[PDB]
file input10.txt (compact mmCIF, N, CA and C atoms)
# COMPACT_ATOMS: atom_id res chain seq x y z
N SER V 1 125.44 79.63 122.45
CA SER V 1 126.34 80.45 123.34
C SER V 1 127.35 81.10 122.40
N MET V 2 128.40 81.73 122.96
CA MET V 2 129.45 82.37 122.14
C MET V 2 130.06 81.49 121.05
N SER V 3 129.92 81.92 119.77
CA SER V 3 130.45 81.15 118.61
C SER V 3 129.74 79.75 118.40
N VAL V 4 128.58 79.59 118.98
CA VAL V 4 127.76 78.34 118.88
C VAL V 4 126.32 78.72 118.59
N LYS V 5 125.93 78.59 117.32
CA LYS V 5 124.60 79.01 116.87
C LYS V 5 123.79 77.95 116.21
N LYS V 6 122.49 77.87 116.54
CA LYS V 6 121.52 77.10 115.74
C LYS V 6 121.52 77.60 114.30
N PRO V 7 121.17 76.73 113.35
CA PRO V 7 121.07 77.13 111.93
C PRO V 7 120.12 78.37 111.70
N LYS V 8 120.53 79.29 110.80
CA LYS V 8 119.80 80.58 110.57
C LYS V 8 118.43 80.37 109.82
N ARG V 9 117.31 80.28 110.56
CA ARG V 9 115.92 80.55 110.02
C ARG V 9 115.78 81.84 109.15
N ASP V 10 115.20 81.66 107.96
CA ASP V 10 115.08 82.75 106.98
C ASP V 10 113.90 83.63 107.46
N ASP V 11 114.23 84.84 107.88
CA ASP V 11 113.25 85.79 108.43
C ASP V 11 113.03 86.96 107.47
N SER V 12 113.59 86.88 106.27
CA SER V 12 113.55 87.99 105.30
C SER V 12 112.14 88.34 104.72
N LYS V 13 111.24 87.38 104.73
CA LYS V 13 109.83 87.55 104.35
C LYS V 13 108.83 87.83 105.48
N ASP V 14 109.31 87.93 106.70
CA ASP V 14 108.41 88.03 107.88
C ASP V 14 107.57 89.32 107.81
N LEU V 15 108.23 90.44 107.50
CA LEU V 15 107.58 91.76 107.40
C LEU V 15 106.42 91.76 106.41
N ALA V 16 106.65 91.23 105.22
CA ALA V 16 105.64 91.07 104.22
C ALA V 16 104.56 90.15 104.61
N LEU V 17 104.90 89.01 105.19
CA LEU V 17 103.87 88.09 105.59
C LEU V 17 102.97 88.63 106.80
N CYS V 18 103.60 89.29 107.78
CA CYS V 18 102.81 89.93 108.88
C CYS V 18 101.83 90.99 108.29
N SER V 19 102.31 91.75 107.30
CA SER V 19 101.45 92.76 106.59
C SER V 19 100.25 92.10 105.91
N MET V 20 100.46 90.94 105.32
CA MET V 20 99.39 90.23 104.69
C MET V 20 98.40 89.70 105.68
N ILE V 21 98.88 89.12 106.77
CA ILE V 21 97.99 88.68 107.83
C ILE V 21 97.14 89.87 108.35
N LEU V 22 97.79 90.99 108.58
CA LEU V 22 97.15 92.15 109.13
C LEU V 22 96.10 92.67 108.15
N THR V 23 96.39 92.67 106.83
CA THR V 23 95.37 93.01 105.79
C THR V 23 94.16 92.13 105.88
N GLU V 24 94.37 90.84 106.10
CA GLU V 24 93.29 89.91 106.16
C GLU V 24 92.45 90.16 107.44
N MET V 25 93.12 90.52 108.53
CA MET V 25 92.39 90.88 109.78
C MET V 25 91.59 92.21 109.57
N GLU V 26 92.20 93.21 108.93
CA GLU V 26 91.56 94.48 108.65
C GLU V 26 90.28 94.35 107.81
N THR V 27 90.23 93.38 106.91
CA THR V 27 89.12 93.23 105.98
C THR V 27 88.09 92.20 106.45
N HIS V 28 88.32 91.50 107.57
CA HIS V 28 87.32 90.60 108.13
C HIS V 28 86.07 91.43 108.55
N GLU V 29 84.90 90.87 108.30
CA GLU V 29 83.69 91.60 108.65
C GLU V 29 83.51 91.88 110.15
N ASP V 30 84.13 91.10 111.03
CA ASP V 30 84.04 91.31 112.45
C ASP V 30 85.22 92.17 113.03
N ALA V 31 85.95 92.81 112.18
CA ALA V 31 87.09 93.63 112.57
C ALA V 31 86.65 94.99 113.16
N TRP V 32 85.40 95.41 112.88
CA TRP V 32 84.95 96.80 113.21
C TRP V 32 85.22 97.28 114.64
N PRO V 33 85.14 96.40 115.68
CA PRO V 33 85.51 96.94 117.01
C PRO V 33 86.97 97.30 117.24
N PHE V 34 87.82 96.86 116.29
CA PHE V 34 89.30 96.79 116.46
C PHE V 34 90.04 97.69 115.47
N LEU V 35 89.35 98.34 114.53
CA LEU V 35 90.00 99.09 113.43
C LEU V 35 90.73 100.35 113.92
N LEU V 36 90.17 100.99 114.95
CA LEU V 36 90.66 102.28 115.47
C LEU V 36 90.83 102.23 116.95
N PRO V 37 91.72 103.09 117.52
CA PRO V 37 91.79 103.17 118.97
C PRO V 37 90.43 103.50 119.65
N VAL V 38 90.18 102.83 120.77
CA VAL V 38 88.97 103.10 121.60
C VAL V 38 89.06 104.57 122.02
N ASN V 39 87.95 105.31 121.91
CA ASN V 39 87.98 106.77 122.22
C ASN V 39 87.91 106.93 123.77
N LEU V 40 89.06 107.25 124.34
CA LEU V 40 89.24 107.30 125.79
C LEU V 40 88.49 108.44 126.45
N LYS V 41 88.07 109.44 125.68
CA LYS V 41 87.17 110.50 126.20
C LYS V 41 85.73 110.04 126.22
N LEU V 42 85.31 109.17 125.31
CA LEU V 42 83.91 108.80 125.22
C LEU V 42 83.54 107.48 125.79
N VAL V 43 84.50 106.69 126.30
CA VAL V 43 84.17 105.34 126.80
C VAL V 43 84.62 105.28 128.23
N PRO V 44 83.65 105.53 129.13
CA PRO V 44 83.90 105.41 130.57
C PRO V 44 84.56 104.11 130.97
N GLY V 45 85.58 104.25 131.76
CA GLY V 45 86.25 103.13 132.39
C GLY V 45 87.46 102.64 131.59
N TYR V 46 87.48 102.93 130.27
CA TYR V 46 88.52 102.29 129.39
C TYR V 46 89.92 102.67 129.73
N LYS V 47 90.08 103.98 129.95
CA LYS V 47 91.40 104.52 130.22
C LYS V 47 92.02 103.92 131.48
N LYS V 48 91.23 103.85 132.56
CA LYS V 48 91.76 103.33 133.84
C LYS V 48 91.96 101.83 133.85
N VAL V 49 91.03 101.14 133.20
CA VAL V 49 91.07 99.69 133.28
C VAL V 49 92.10 99.06 132.34
N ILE V 50 92.20 99.59 131.12
CA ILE V 50 93.01 98.91 130.04
C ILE V 50 94.35 99.59 129.98
N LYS V 51 95.34 98.94 130.54
CA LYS V 51 96.60 99.64 130.79
C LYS V 51 97.37 99.87 129.46
N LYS V 52 97.20 98.97 128.50
CA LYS V 52 97.86 99.08 127.22
C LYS V 52 96.90 98.92 126.05
N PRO V 53 96.23 99.99 125.65
CA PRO V 53 95.28 99.93 124.53
C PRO V 53 96.02 99.55 123.28
N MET V 54 95.35 98.78 122.42
CA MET V 54 95.97 98.42 121.09
C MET V 54 94.83 98.19 120.12
N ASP V 55 95.09 98.46 118.85
CA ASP V 55 94.11 98.37 117.79
C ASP V 55 94.85 98.09 116.48
N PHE V 56 94.09 97.69 115.43
CA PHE V 56 94.71 97.34 114.13
C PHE V 56 95.41 98.51 113.49
N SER V 57 94.86 99.73 113.55
CA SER V 57 95.49 100.89 112.92
C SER V 57 96.85 101.26 113.53
N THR V 58 96.96 101.10 114.85
CA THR V 58 98.15 101.32 115.62
C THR V 58 99.18 100.23 115.30
N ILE V 59 98.73 98.99 115.16
CA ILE V 59 99.65 97.92 114.73
C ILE V 59 100.13 98.20 113.32
N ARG V 60 99.23 98.64 112.43
CA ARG V 60 99.63 98.92 111.06
C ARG V 60 100.72 100.04 111.02
N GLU V 61 100.55 101.09 111.78
CA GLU V 61 101.51 102.18 111.82
C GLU V 61 102.89 101.71 112.42
N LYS V 62 102.85 100.91 113.49
CA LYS V 62 104.05 100.35 114.08
C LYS V 62 104.79 99.43 113.04
N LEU V 63 104.04 98.62 112.32
CA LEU V 63 104.60 97.73 111.33
C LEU V 63 105.30 98.49 110.19
N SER V 64 104.60 99.46 109.63
CA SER V 64 105.06 100.28 108.55
C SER V 64 106.26 101.15 108.90
N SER V 65 106.60 101.34 110.17
CA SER V 65 107.61 102.29 110.59
C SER V 65 108.75 101.60 111.32
N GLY V 66 108.82 100.24 111.19
CA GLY V 66 109.91 99.47 111.81
C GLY V 66 109.97 99.46 113.26
N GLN V 67 108.80 99.51 113.90
CA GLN V 67 108.74 99.43 115.36
C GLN V 67 108.54 97.99 115.97
N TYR V 68 108.35 97.00 115.12
CA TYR V 68 108.47 95.59 115.55
C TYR V 68 109.87 94.98 115.28
N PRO V 69 110.59 94.67 116.35
CA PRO V 69 111.90 94.05 116.12
C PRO V 69 111.81 92.67 115.54
N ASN V 70 110.73 91.92 115.76
CA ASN V 70 110.68 90.56 115.21
C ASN V 70 109.19 90.12 115.15
N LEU V 71 108.94 88.96 114.55
CA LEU V 71 107.52 88.55 114.35
C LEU V 71 106.80 88.25 115.71
N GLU V 72 107.52 87.88 116.79
CA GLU V 72 106.87 87.63 118.06
C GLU V 72 106.30 88.92 118.72
N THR V 73 106.99 90.05 118.54
CA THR V 73 106.54 91.28 119.13
C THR V 73 105.28 91.70 118.36
N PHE V 74 105.17 91.37 117.07
CA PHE V 74 103.96 91.65 116.26
C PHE V 74 102.79 90.82 116.80
N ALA V 75 103.01 89.52 117.00
CA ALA V 75 101.93 88.61 117.55
C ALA V 75 101.46 89.04 118.96
N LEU V 76 102.36 89.54 119.78
CA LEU V 76 102.01 90.01 121.11
C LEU V 76 101.01 91.22 121.05
N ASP V 77 101.23 92.18 120.16
CA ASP V 77 100.28 93.29 119.97
C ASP V 77 98.94 92.83 119.41
N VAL V 78 98.93 91.89 118.44
CA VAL V 78 97.67 91.38 117.93
C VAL V 78 96.91 90.73 119.11
N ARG V 79 97.59 89.86 119.87
CA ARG V 79 96.92 89.15 120.99
C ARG V 79 96.43 90.16 122.05
N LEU V 80 97.18 91.24 122.29
CA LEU V 80 96.83 92.29 123.19
C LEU V 80 95.49 92.88 122.83
N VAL V 81 95.21 93.03 121.53
CA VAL V 81 93.96 93.59 121.06
C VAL V 81 92.79 92.67 121.60
N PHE V 82 93.00 91.37 121.52
CA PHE V 82 91.94 90.44 121.94
C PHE V 82 91.81 90.21 123.41
N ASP V 83 92.91 90.24 124.12
CA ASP V 83 92.97 90.24 125.57
C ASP V 83 92.35 91.44 126.17
N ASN V 84 92.60 92.60 125.59
CA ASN V 84 91.87 93.83 126.03
C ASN V 84 90.36 93.69 125.84
N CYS V 85 89.97 93.19 124.68
CA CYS V 85 88.56 93.02 124.36
C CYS V 85 87.86 92.10 125.39
N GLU V 86 88.51 90.99 125.73
CA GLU V 86 87.96 90.07 126.74
C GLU V 86 87.90 90.69 128.15
N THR V 87 88.89 91.51 128.49
CA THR V 87 88.89 92.23 129.76
C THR V 87 87.66 93.18 129.92
N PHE V 88 87.25 93.82 128.85
CA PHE V 88 86.23 94.84 128.90
C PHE V 88 84.82 94.48 128.43
N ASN V 89 84.66 93.35 127.74
CA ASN V 89 83.40 93.06 127.08
C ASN V 89 82.94 91.66 127.53
N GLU V 90 81.64 91.56 127.76
CA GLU V 90 81.06 90.26 128.09
C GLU V 90 81.23 89.34 126.86
N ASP V 91 81.49 88.06 127.13
CA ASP V 91 81.50 87.01 126.06
C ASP V 91 80.21 87.01 125.19
N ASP V 92 79.06 87.21 125.83
CA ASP V 92 77.77 87.24 125.18
C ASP V 92 77.38 88.71 124.83
N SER V 93 78.14 89.30 123.93
CA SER V 93 77.90 90.66 123.37
C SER V 93 78.40 90.58 121.95
N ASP V 94 77.99 91.48 121.09
CA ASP V 94 78.48 91.48 119.74
C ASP V 94 80.00 91.67 119.72
N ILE V 95 80.51 92.60 120.52
CA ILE V 95 81.96 92.88 120.52
C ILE V 95 82.72 91.71 121.12
N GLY V 96 82.16 91.11 122.17
CA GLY V 96 82.81 89.98 122.88
C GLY V 96 82.99 88.80 121.88
N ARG V 97 81.95 88.52 121.11
CA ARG V 97 81.95 87.45 120.16
C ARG V 97 82.91 87.77 118.98
N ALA V 98 82.90 89.04 118.56
CA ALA V 98 83.80 89.52 117.53
C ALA V 98 85.23 89.20 117.92
N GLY V 99 85.56 89.49 119.17
CA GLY V 99 86.92 89.26 119.67
C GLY V 99 87.35 87.83 119.66
N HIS V 100 86.45 86.95 120.10
CA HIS V 100 86.80 85.52 120.05
C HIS V 100 86.96 85.04 118.64
N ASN V 101 86.08 85.49 117.69
CA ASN V 101 86.17 85.10 116.30
C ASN V 101 87.51 85.53 115.66
N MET V 102 87.87 86.80 115.88
CA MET V 102 89.10 87.36 115.33
C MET V 102 90.36 86.68 115.86
N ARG V 103 90.37 86.35 117.13
CA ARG V 103 91.49 85.66 117.72
C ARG V 103 91.70 84.29 117.06
N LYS V 104 90.61 83.54 116.97
CA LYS V 104 90.64 82.27 116.20
C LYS V 104 91.15 82.41 114.77
N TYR V 105 90.61 83.37 113.99
CA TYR V 105 91.05 83.65 112.70
C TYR V 105 92.55 83.96 112.64
N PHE V 106 93.02 84.82 113.55
CA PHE V 106 94.42 85.19 113.60
C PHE V 106 95.34 83.96 113.89
N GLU V 107 94.95 83.15 114.87
CA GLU V 107 95.82 82.09 115.35
C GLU V 107 96.02 81.00 114.27
N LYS V 108 94.98 80.79 113.46
CA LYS V 108 95.10 79.87 112.35
C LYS V 108 96.05 80.41 111.28
N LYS V 109 95.85 81.66 110.84
CA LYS V 109 96.76 82.28 109.90
C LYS V 109 98.20 82.26 110.39
N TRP V 110 98.39 82.48 111.68
CA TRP V 110 99.71 82.54 112.29
C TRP V 110 100.42 81.13 112.17
N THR V 111 99.75 80.10 112.63
CA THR V 111 100.21 78.72 112.58
C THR V 111 100.48 78.29 111.13
N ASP V 112 99.53 78.53 110.23
CA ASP V 112 99.70 78.14 108.85
C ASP V 112 100.81 78.87 108.16
N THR V 113 101.04 80.14 108.49
CA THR V 113 102.06 80.90 107.81
C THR V 113 103.48 80.59 108.35
N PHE V 114 103.62 80.34 109.65
CA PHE V 114 104.90 80.35 110.34
C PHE V 114 105.25 79.03 111.08
N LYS V 115 104.30 78.17 111.45
CA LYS V 115 104.59 76.92 112.23
C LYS V 115 104.48 75.63 111.39
call {"tool": "encode", "arguments": {"input": "input10.txt", "output": "structure tokens"}}
result
Amino acid sequence: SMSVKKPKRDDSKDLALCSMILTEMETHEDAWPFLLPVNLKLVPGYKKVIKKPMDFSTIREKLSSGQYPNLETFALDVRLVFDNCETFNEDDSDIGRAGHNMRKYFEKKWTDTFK
């Protein structure tokens, strides 16, 4: 509360460490469905169904331009990428499986780096 604070967690490396995680996600072999925004002119249903599209390139641009206020807002966009994927793709599809794999990969890196 006013003039009563928990001890200051060092957040000075968060930007660099989120960039590293994101590099590792970008270079995973199953990243291909997620590298670029879904083409809303060529993919029927995507625009109406997926209210907040997100992809790795868009996260990279937001990161590089100071549009994440803190590491939690970064994790929310990464998770959004996988939540969107599950909303639109069957579990038993190459893209559906890609999404589950990437989410697992991300969540481990996240825990190991920050928890």
call {"tool": "atom_distance", "arguments": {"input": "input10.txt", "atom1": "atom N of residue 43 (chain V)", "atom2": "atom C of residue 88 (chain V)"}}
result
12.4 Å
call {"tool": "atom_distance", "arguments": {"input": "input10.txt", "atom1": "atom N of residue 65 (chain V)", "atom2": "atom N of residue 78 (chain V)"}}
result
14.7 Å
call {"tool": "select_by_dssp", "arguments": {"input": "input10.txt", "residues": "chain V", "states": "helix (DSSP H, G or I)", "output": "PyMOL selection string"}}
result
chain V and resi 14-27+29-34+46-49+56-64+71-88+94-114
call {"tool": "residues_around", "arguments": {"input": "input10.txt", "residues": "residue 71 (chain V)", "least_positions_apart": "4", "cutoff": "7 Å", "atoms": "all atoms listed in the file", "output": "PyMOL selection string"}}
result
chain V and resi 14+75-76
call {"tool": "atom_distance", "arguments": {"input": "input10.txt", "atom1": "CA of residue 30 (chain V)", "atom2": "CA of residue 101 (chain V)"}}
result
7.6 Å
call {"tool": "residues_around", "arguments": {"input": "input10.txt", "residues": "region 60-62 of chain V", "least_positions_apart": "5", "cutoff": "12 Å", "atoms": "only C-alpha atoms", "output": "list in words"}}
result
residues 15, 18, 19, 20, 21, 22, 23, 25, 26, 34, 35, 36, 37, 54, 55, 67, 68, 69, 70, 73, 74, 77 and 78 of chain V
call {"tool": "write_last_selection", "arguments": {"input": "input10.txt", "atoms": "N, CA and C atoms", "output": "PDB file, keeping the file's coordinate frame"}}
result
ATOM      1  N   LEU V  15     108.230  90.440 107.500  1.00  0.00           N
ATOM      2  CA  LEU V  15     107.580  91.760 107.400  1.00  0.00           C
ATOM      3  C   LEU V  15     106.420  91.760 106.410  1.00  0.00           C
ATOM      4  N   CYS V  18     103.600  89.290 107.780  1.00  0.00           N
ATOM      5  CA  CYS V  18     102.810  89.930 108.880  1.00  0.00           C
ATOM      6  C   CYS V  18     101.830  90.990 108.290  1.00  0.00           C
ATOM      7  N   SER V  19     102.310  91.750 107.300  1.00  0.00           N
ATOM      8  CA  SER V  19     101.450  92.760 106.590  1.00  0.00           C
ATOM      9  C   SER V  19     100.250  92.100 105.910  1.00  0.00           C
ATOM     10  N   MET V  20     100.460  90.940 105.320  1.00  0.00           N
ATOM     11  CA  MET V  20      99.390  90.230 104.690  1.00  0.00           C
ATOM     12  C   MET V  20      98.400  89.700 105.680  1.00  0.00           C
ATOM     13  N   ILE V  21      98.880  89.120 106.770  1.00  0.00           N
ATOM     14  CA  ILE V  21      97.990  88.680 107.830  1.00  0.00           C
ATOM     15  C   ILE V  21      97.140  89.870 108.350  1.00  0.00           C
ATOM     16  N   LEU V  22      97.790  90.990 108.580  1.00  0.00           N
ATOM     17  CA  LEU V  22      97.150  92.150 109.130  1.00  0.00           C
ATOM     18  C   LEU V  22      96.100  92.670 108.150  1.00  0.00           C
ATOM     19  N   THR V  23      96.390  92.670 106.830  1.00  0.00           N
ATOM     20  CA  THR V  23      95.370  93.010 105.790  1.00  0.00           C
ATOM     21  C   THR V  23      94.160  92.130 105.880  1.00  0.00           C
ATOM     22  N   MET V  25      93.120  90.520 108.530  1.00  0.00           N
ATOM     23  CA  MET V  25      92.390  90.880 109.780  1.00  0.00           C
ATOM     24  C   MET V  25      91.590  92.210 109.570  1.00  0.00           C
ATOM     25  N   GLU V  26      92.200  93.210 108.930  1.00  0.00           N
ATOM     26  CA  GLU V  26      91.560  94.480 108.650  1.00  0.00           C
ATOM     27  C   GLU V  26      90.280  94.350 107.810  1.00  0.00           C
ATOM     28  N   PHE V  34      87.820  96.860 116.290  1.00  0.00           N
ATOM     29  CA  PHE V  34      89.300  96.790 116.460  1.00  0.00           C
ATOM     30  C   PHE V  34      90.040  97.690 115.470  1.00  0.00           C
ATOM     31  N   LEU V  35      89.350  98.340 114.530  1.00  0.00           N
ATOM     32  CA  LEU V  35      90.000  99.090 113.430  1.00  0.00           C
ATOM     33  C   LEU V  35      90.730 100.350 113.920  1.00  0.00           C
ATOM     34  N   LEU V  36      90.170 100.990 114.950  1.00  0.00           N
ATOM     35  CA  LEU V  36      90.660 102.280 115.470  1.00  0.00           C
ATOM     36  C   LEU V  36      90.830 102.230 116.950  1.00  0.00           C
ATOM     37  N   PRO V  37      91.720 103.090 117.520  1.00  0.00           N
ATOM     38  CA  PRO V  37      91.790 103.170 118.970  1.00  0.00           C
ATOM     39  C   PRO V  37      90.430 103.500 119.650  1.00  0.00           C
ATOM     40  N   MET V  54      95.350  98.780 122.420  1.00  0.00           N
ATOM     41  CA  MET V  54      95.970  98.420 121.090  1.00  0.00           C
ATOM     42  C   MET V  54      94.830  98.190 120.120  1.00  0.00           C
ATOM     43  N   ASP V  55      95.090  98.460 118.850  1.00  0.00           N
ATOM     44  CA  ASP V  55      94.110  98.370 117.790  1.00  0.00           C
ATOM     45  C   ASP V  55      94.850  98.090 116.480  1.00  0.00           C
ATOM     46  N   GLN V  67     108.800  99.510 113.900  1.00  0.00           N
ATOM     47  CA  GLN V  67     108.740  99.430 115.360  1.00  0.00           C
ATOM     48  C   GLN V  67     108.540  97.990 115.970  1.00  0.00           C
ATOM     49  N   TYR V  68     108.350  97.000 115.120  1.00  0.00           N
ATOM     50  CA  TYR V  68     108.470  95.590 115.550  1.00  0.00           C
ATOM     51  C   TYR V  68     109.870  94.980 115.280  1.00  0.00           C
ATOM     52  N   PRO V  69     110.590  94.670 116.350  1.00  0.00           N
ATOM     53  CA  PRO V  69     111.900  94.050 116.120  1.00  0.00           C
ATOM     54  C   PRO V  69     111.810  92.670 115.540  1.00  0.00           C
ATOM     55  N   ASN V  70     110.730  91.920 115.760  1.00  0.00           N
ATOM     56  CA  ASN V  70     110.680  90.560 115.210  1.00  0.00           C
ATOM     57  C   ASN V  70     109.190  90.120 115.150  1.00  0.00           C
ATOM     58  N   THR V  73     106.990  90.050 118.540  1.00  0.00           N
ATOM     59  CA  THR V  73     106.540  91.280 119.130  1.00  0.00           C
ATOM     60  C   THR V  73     105.280  91.700 118.360  1.00  0.00           C
ATOM     61  N   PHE V  74     105.170  91.370 117.070  1.00  0.00           N
ATOM     62  CA  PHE V  74     103.960  91.650 116.260  1.00  0.00           C
ATOM     63  C   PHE V  74     102.790  90.820 116.800  1.00  0.00           C
ATOM     64  N   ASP V  77     101.230  92.180 120.160  1.00  0.00           N
ATOM     65  CA  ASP V  77     100.280  93.290 119.970  1.00  0.00           C
ATOM     66  C   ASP V  77      98.940  92.830 119.410  1.00  0.00           C
ATOM     67  N   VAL V  78      98.930  91.890 118.440  1.00  0.00           N
ATOM     68  CA  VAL V  78      97.670  91.380 117.930  1.00  0.00           C
ATOM     69  C   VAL V  78      96.910  90.730 119.110  1.00  0.00           C
TER      70      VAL V  78
END
call {"tool": "residues_around", "arguments": {"input": "input10.txt", "residues": "residue 96 (chain V)", "least_positions_apart": "4", "cutoff": "10 Å", "atoms": "only C-alpha atoms", "output": "list in words"}}
result
residues 33, 82, 85, 86, 87, 88, 89, 90, 91, 92, 100 and 101 of chain V
call {"tool": "closest_residue", "arguments": {"input": "input10.txt", "among": "V:41, V:27, V:84, V:72", "to": "residue 53 (chain V)", "atoms": "only C-alpha atoms"}}
result
V:84
